[PDB]
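Below: one structure, written as structure tokens.
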Amino acid sequence: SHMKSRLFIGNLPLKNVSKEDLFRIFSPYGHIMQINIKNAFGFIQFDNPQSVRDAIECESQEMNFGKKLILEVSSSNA
């Protein structure tokens, strides 16, 4: 009920990305606990693994922030 519930996001813009824009994109897949943006990647913590699978399935070919995002199930709990 916890494992595999975080979405890794790469290929974000170099310019600052709004957490509200990320929320708008990804909240339809499930409840979002955390949105964390780092220099070269970010993550979205959901509360269940199905949300992550669905986000990957549905958003991997979309242009979001002007990018085809790299989407994966994260192994991080940090």
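Every position in the sequence shown, counted from 1, becomes a number in the entry's author numbering once 325 is added. Just so you know, even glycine gets a beta-carbon here, dropped at the ideal spot from N, CA and C.
I'd like the list of long-range same chain contacts for residue i, defined as Cβ closer than 6 Å, with 5 residues on each side in sequence excluded.
i: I395; result: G335 and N336
i: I362; result: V342
When burial is assigned at 16 or more other CB atoms within 10 Å of the CB, is residue i buried or exposed?
i: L332; result: buried
i: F371; result: buried
i: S326; result: exposed
Which same chain residues, not among the five before or five after residue i, have their C-beta less than 8 Å away from its C-beta?
i: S401; result: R331, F333 and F368
i: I357; result: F348, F351, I369, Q370 and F371
Hey, how far is the Cα of residue i from the Cα of residue j?
i: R378; j: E345; result: 21 Å
Just verifying my parser: in three-state terms, what is the DSSP assignment at residue i?
i: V398; result: strand
i: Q386; result: coil
i: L337; result: coil
i: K344; result: helix
Quick one: what's got a C-beta closer than 7 Å to residue i's C-beta in the same chain, skipping five residues either side?
i: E384; result: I350, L394 and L396
i: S399; result: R331, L332, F333 and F368
Would you mind working out which of the options sits nearest residue i, comparing C-alpha positions?
i: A365; options: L339, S399, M328 and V398; result: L339
i: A403; options: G391, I360 and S376; result: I360
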